[PDB]
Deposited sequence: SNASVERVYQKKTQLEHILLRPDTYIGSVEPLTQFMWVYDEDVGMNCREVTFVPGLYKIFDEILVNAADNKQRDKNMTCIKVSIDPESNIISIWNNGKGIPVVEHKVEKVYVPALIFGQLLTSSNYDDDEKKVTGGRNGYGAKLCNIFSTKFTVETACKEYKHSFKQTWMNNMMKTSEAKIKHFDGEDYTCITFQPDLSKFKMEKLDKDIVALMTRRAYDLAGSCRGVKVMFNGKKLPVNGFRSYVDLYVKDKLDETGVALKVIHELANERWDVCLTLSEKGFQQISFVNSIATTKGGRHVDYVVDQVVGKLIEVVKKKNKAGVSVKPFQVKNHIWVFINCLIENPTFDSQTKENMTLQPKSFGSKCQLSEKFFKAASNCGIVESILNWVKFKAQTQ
């Protein structure tokens, strides 16, 4: 093989399609136990088979909608629609639209720039301490690139215009945006047909729909001051506590006793629930409405506090050595937090790596919370084991 065939240069766009895993995660099927929202049983834990990259291009658009609550605190509503037969997904939000005007540096309409060109963002100035999930300027373009059809509609009353542009064929084709006069209430609606051939799928099947549906419930629980609709029906979730209830309200421990769930809203930026786990350490956590499915420093930050205080309680009774990992093994923690300018080791944002001193806020759990944590059955499970 010649030098020119062995050593190759790729464009950014080529690289995304060649190496999708670092941008959206695996484009191959994955089977694992997790929580989804099914049509027949609602929230439940089961084996699910899905393609991570498909989940993630949906998630990018969903989190972008959530992020608009930080641009416009008056935003009230996100609407999610999924139609497997037509293969059409739409995510709509109110609050301020996107400026329908030509960017004077880039010489294109602002929505065309930030949905149709890589590395474009309103989150590149870190002197502003934002609790948006958006950080890198890729998400929306990644969804576009993995869609056969990708449509952006937005209306910005400030500029008195609406904007509609459609891309097709993995962001490789587009056409002149339709601009009109607009004097109503702002909105943005992203409508896309995912390119199922990129994920070796024939249709949006029940498992991927159940996962996408659960993310809508996640958002109802995590995104304060925003109501969520799914396929035309408002979700009956109002606050993180009611969201946590979907997991633990009807649940018993192995001895037949209802799980005791304890909650502290430490401040506006930190909501924490804790209960007993009997299947090893479990965490459900959100940073700026991103599901941090590998955890991160925010999880460790909260859990370490609990583990420390519970070792004190067990030590007042362990009259041998109780190790942190044994305590952590009995914890099921739920965390909803807002972190200033978070960092992650991947675009998929499963693991939040920002150190706590940089969070912009603290979550020091009260002594009342710790007293309750010492009574939710975690201490008893440990003390029962101190005998063996």
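Unmodelled regions of the deposited chain sequence (numbering from residue 1, in sequence order): 1-2, 322-323, 393-397.
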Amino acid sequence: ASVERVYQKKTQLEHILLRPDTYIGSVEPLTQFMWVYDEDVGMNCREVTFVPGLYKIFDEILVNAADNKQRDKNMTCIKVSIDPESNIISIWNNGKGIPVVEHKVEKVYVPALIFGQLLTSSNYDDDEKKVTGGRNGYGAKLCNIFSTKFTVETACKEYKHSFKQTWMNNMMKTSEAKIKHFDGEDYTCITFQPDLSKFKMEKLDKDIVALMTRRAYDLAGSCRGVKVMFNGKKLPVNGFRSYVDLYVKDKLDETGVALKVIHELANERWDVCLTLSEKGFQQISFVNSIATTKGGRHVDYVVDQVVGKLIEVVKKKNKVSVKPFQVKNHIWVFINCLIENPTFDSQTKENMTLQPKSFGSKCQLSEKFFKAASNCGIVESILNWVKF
From here on, numbers count along this sequence of modelled residues.
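Only the largest set of C-alpha atoms that superpose within 1.5 Å between the two forms is called the rigid core.
The higher RMS C-alpha distance to the shown form in 6 other deposited structures of this protein, out of 23-31 and 344-352, belongs to 344-352, with every structure fitted on the core. In 6 other deposited structures of this protein, superposed on the rigid core, the segment with the larger root-mean-square CA displacement between 250-258 and 286-294 is 250-258. Per the compared records, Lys316 is unresolved in at least a third of the other entries whose models span it. Mean C-alpha B-factor is higher over 262-270 than over the other stretch, the pair under comparison being 280-288 and 262-270.
Higher average CA B factor: 355-363, of the stretches 52-60 and 355-363. The maximum CA B-factor among the listed residues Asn87, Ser242, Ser162, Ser222, taken from the PDB record, is found at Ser162. The residue among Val327, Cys337, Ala65, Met34 whose C-alpha atom has the highest B-factor in the PDB entry is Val327. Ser321 sits in the highest third of its chain by CA B factor, as recorded in the PDB entry.
Per the deposited record, the Cα B-factor of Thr132 falls in the lowest third when ranked against the other modelled residues of its chain. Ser147 sits in the lowest third of its chain by CA B factor, as recorded in the PDB entry. Per the PDB record, residue ranking by Cα B-factor puts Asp218 in the lowest third of the chain. In this PDB entry, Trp92 carries a Cα temperature factor that places it within the lowest third of its chain's modelled residues.
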